Amino acid sequence: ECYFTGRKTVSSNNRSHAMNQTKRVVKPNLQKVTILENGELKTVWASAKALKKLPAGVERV
Amino acid sequence: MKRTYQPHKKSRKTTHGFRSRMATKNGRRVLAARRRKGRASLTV
Amino acid sequence: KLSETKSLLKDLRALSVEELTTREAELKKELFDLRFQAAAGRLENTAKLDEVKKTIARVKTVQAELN
Amino acid sequence: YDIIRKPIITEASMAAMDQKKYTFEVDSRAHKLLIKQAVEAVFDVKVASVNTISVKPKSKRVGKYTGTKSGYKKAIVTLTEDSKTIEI
Amino acid sequence: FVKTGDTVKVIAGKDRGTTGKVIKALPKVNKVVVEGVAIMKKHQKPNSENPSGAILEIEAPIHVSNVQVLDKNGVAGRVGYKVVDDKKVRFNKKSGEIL
RNA sequence: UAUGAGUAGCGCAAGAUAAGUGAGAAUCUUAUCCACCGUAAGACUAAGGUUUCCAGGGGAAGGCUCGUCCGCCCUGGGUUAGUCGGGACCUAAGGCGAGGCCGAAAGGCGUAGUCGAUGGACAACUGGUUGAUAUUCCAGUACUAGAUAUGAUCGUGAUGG
RNA sequence: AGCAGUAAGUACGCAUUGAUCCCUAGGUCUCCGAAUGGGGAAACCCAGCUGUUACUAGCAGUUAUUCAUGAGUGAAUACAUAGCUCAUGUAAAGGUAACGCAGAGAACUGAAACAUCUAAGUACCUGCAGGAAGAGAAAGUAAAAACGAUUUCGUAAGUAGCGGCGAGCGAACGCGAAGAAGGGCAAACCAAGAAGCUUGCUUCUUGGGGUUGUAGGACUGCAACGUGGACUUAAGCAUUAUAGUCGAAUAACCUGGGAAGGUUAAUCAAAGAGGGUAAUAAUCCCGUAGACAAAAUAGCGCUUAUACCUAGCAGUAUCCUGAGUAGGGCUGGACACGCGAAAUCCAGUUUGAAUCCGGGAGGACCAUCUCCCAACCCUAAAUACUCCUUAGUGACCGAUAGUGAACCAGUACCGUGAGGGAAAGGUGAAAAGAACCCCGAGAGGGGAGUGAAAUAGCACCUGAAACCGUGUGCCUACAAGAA
């Protein structure tokens, strides 16, 4: 689970050929990273969308 | 022949004591069913 | 009649627990030999039990509470 | 302080009298050393010790429902000699 | 009512018009033992407090409807009460007003 | 409420007489014989039972019949420890588990730690004693541990080893 | 004006001096339990600290954790950091009637079977909340002048649609009614500080600036409107719950055990609602209609300056206006929408703008036109449901009913447990409950007496029905019948 990436592994539902009414489990991107040090020094998970928008504003946010 | 229950005191508790039933967030729920009905006692 | 005198007279005055209630929260706080005449029998006279416990009761809940 | 409940008068009570013993009652939340020194205070009688025993509650029927009569700790007041017995 | 009391009429019921003194009403009973009125008798055993028994001229209580308080000139009615003085003044209607 | 039906059964073993008891005795009590078990059908002790114990009284139901008798009923007593068993010691198997781990959630795992006896630690044992408690009440002997009262003397010596 | 809950049942007693009682506030509040000094099976054990007061005591309090906030500490390793310690803040854990929201989420069914659908995103489960919640201020709908946030109801109307186009599911628009409130911020800028003080700093902190659609603000102009809205503070006013108070209006006769019934008469009137009373009451009582009453009590509402932030306005130097954002790919889902011509929205994943000459919508989409300004936040009101508090209402129901439960019901009882789950009210007006006497071991009876009544005698009004009877007139012991 990653906090500032928003949501979690959130449930969904699977389709098929002439769909058979099934289920999926949505998983986001899971990366434990520790990028910046503002007073941070804090390891935490992240998602790759938030990785590519680390240079959006994510050094303190 | 032999029957089911020939319990001892540890036997009559340790499934149904107030912390045993209270413990797992679940048996206390069905105890609260037993309270919201409110029968002759609670813990046994 | 009896009880309003013999109750209202006592300790509405503001003297204190080891000070004024020496007669009640110390002296007749020995509830012994009145109780201890209770169930010993040979007493014949009841009302002293909850009467006196009532007086020490009001002694504590007023006088040994107001400070 | 005087939180002795009552004495107890059996036919063994006279044997306690001859033995310089007693059968006294106190509240449950108690200790035999504590009621020992309380007995020493309000009585000035010289105690050896007290025995242990209490009584279970007696849940029979008393009336048209179950008489749930309660227990009480039967205090066996073991004295020493050379003191003031109480004959009440 | 308020505490009876005095001689008290009995209009309806088993004994019409009978008057008789009261003090002993106990209004929670909501029917009043009055001397002379509703003559109960009890065949009591020869036991304690009457070692013959068989006769107890204790009398029955009858309802507030059949109690009728008169003011002192023997005049009953409806108790207008509290009207006049410091705490309370009892009277009946068409009455000589005394208590 | 029948019915079947006054039939099945009366739940694995033998009592017997006399005397008492009462109102009423087969079945209650005693005496006296018989009989049975007796590596038990004895005594003592777990779990269990939760007062059923005993004393006195009574016999609405209960007792598979009777019934004065009773584990039935009313009333009243009856269980006593420094050393007995546990706890105030330790700990397995295990459980719970702050930390942490992962997980829609609840959760489930788990380091430290924590309890957890059936275990391992440790002082009391003879005699008498009731209706009933006895290693518990007391005679005799102890020992264990502490206390305050009292000539030490540097001594204690740990979670470490 | 007696009290001495239940109710007998006793006793000392207690009390118009004012009790008992009713209400309001304060008091103490055993232990367990969120349960929390530590352990522990619920009614436990063992503590530590601080004073107490005495003891190999006792008393009183402090000592669970997480979070937050400080303070100190300071390892590898110098600072630091982790980590540790202390202090402060119920915060906050927890119990929860029903409604809500959000997540997680089936099956059975039905489709005459069934794999698509349905059932329904319902059953369940978890979390988050309040008195309601969400709900919301157009990056909207619509299509011509057409309006102007929402919400609920009716309508449109099963209309448009979708769908093994089966079986089904299913709108919105517009209109009608209720209810009818929108207001901040970041941004841009301006000023202050501190600082990349690497100077001119171009990041942070404070306060103005202003919240925008026909653009709006900043820059040049320039106006003080009460405001839950530009302060839902405090002070008075008023009144309600929260104790209750007064409160009208009648006599006789007949009957009976008893009148209110029948009969004779009279009254009242904001009270002839209803209930008791030995038997049906307006005038007997409770009451009732009205009319008064509360210190404390929880409020509601009105007036007051204050409890504070807003306006118009012309012009447009340039900036701003909500970036991984819209979008695009794929995989989903919701939207009536089952991938379809599929809109439009929201997810994962990937790619990624423009930014006022802008951008978006107008059911693929390309131009013209209409409307709007997202990608920042809050918003009462009309609505949903009651465990609850009374005020109550019944073409509700009368003890197999009515709550499982009119009764000590969730009781007994079953089951180890989760669970289940019974039976039963009525004497008499009043116990006035049958004194005594006799039978009887006793019970029970029988006399007496009791009461209107004793077939009325304690599970007692009324008492069938099956069953058992006892008496009774007739018939049957040469008969083999739906009786």
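Top line first, the protein sequences correspond to chains A, B, C, D and E.
All residue numbers for the first sequence refer to the numbering used here, where the first residue is 325 and numbers rise by one.
All residue numbers for the second sequence refer to the numbering used here, where the first residue is 282 and numbers rise by one.
All residue numbers for the third sequence refer to the numbering used here, where the first residue is 362 and numbers rise by one.
All residue numbers for the fourth sequence refer to the numbering used here, where the first residue is -9 and numbers rise by one.
All residue numbers for the fifth sequence refer to the numbering used here, where the first residue is 798 and numbers rise by one.
All C-beta atoms in this analysis are idealised placements derived from N, C-alpha and C, irrespective of residue type, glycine included.
{"Query": "Mind checking which residues open and close the beta strand (DSSP E) that includes D/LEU69?", "Result": "63 to 69"}
{"Query": "Mind checking whether D/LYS63 and D/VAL16 have CB atoms under 8 Å apart?", "Result": "yes"}
{"Query": "Tell me, please, whether the CB atom of C/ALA400 is closer than 8 Å to any CB atom in chain D?", "Result": "yes"}
{"Query": "With DSSP as the reference, label B/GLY308 as helix, strand or coil.", "Result": "helix"}
{"Query": "Kindly indicate if chain D contains any beta-carbon less than 8 Å away from that of C/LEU392.", "Result": "yes"}
{"Query": "Tell me which residues share the same chain as D/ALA2 and place their Cβ nearer than 8 Å to its Cβ, disregarding the 5 neighbours each side in the sequence.", "Result": "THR13"}
{"Query": "Count the other CB atoms within 10 Å of the CB of A/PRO352; is the residue buried (16 or more) or exposed (fewer)?", "Result": "buried"}
{"Query": "At the level of alpha carbons, what is the spacing between A/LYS366 and A/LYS376?", "Result": "19 Å"}
{"Query": "Considering only residues of the same chain and omitting the five flanking positions on each side of A/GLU383, which have a CB-CB separation below 6 Å?", "Result": "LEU360"}
{"Query": "Counting along the chain, where does the alpha helix (DSSP H) carrying A/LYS376 start and finish?", "Result": "372 to 376"}
{"Query": "Our contact map puts D/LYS36 next to D/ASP72 with C-beta atoms below 8 Å; I'd like the distance itself, whole angstroms only.", "Result": "6 Å"}
{"Query": "Along chain C, in chain order, which residues have C-beta atoms closer than 7 Å to that of D/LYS64?", "Result": "The contacting residues do not exist; D/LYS64 stays about 14 Å from chain C at best."}
{"Query": "Check whether the region 365 to 383 of chain C and the region 404 to 424 of chain C are in contact - that is, three or more C-beta pairs closer than 8 Å.", "Result": "yes"}
{"Query": "Is the beta carbon of E/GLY833 sitting closer than 8 Å to the one on E/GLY817?", "Result": "yes"}
{"Query": "The alpha helix (DSSP H) spanning D/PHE33 covers which residue range?", "Result": "22 to 33"}
{"Query": "Quick check: the Cα distance between E/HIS840 and E/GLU854, rounded to an integer number of angstroms?", "Result": "10 Å"}
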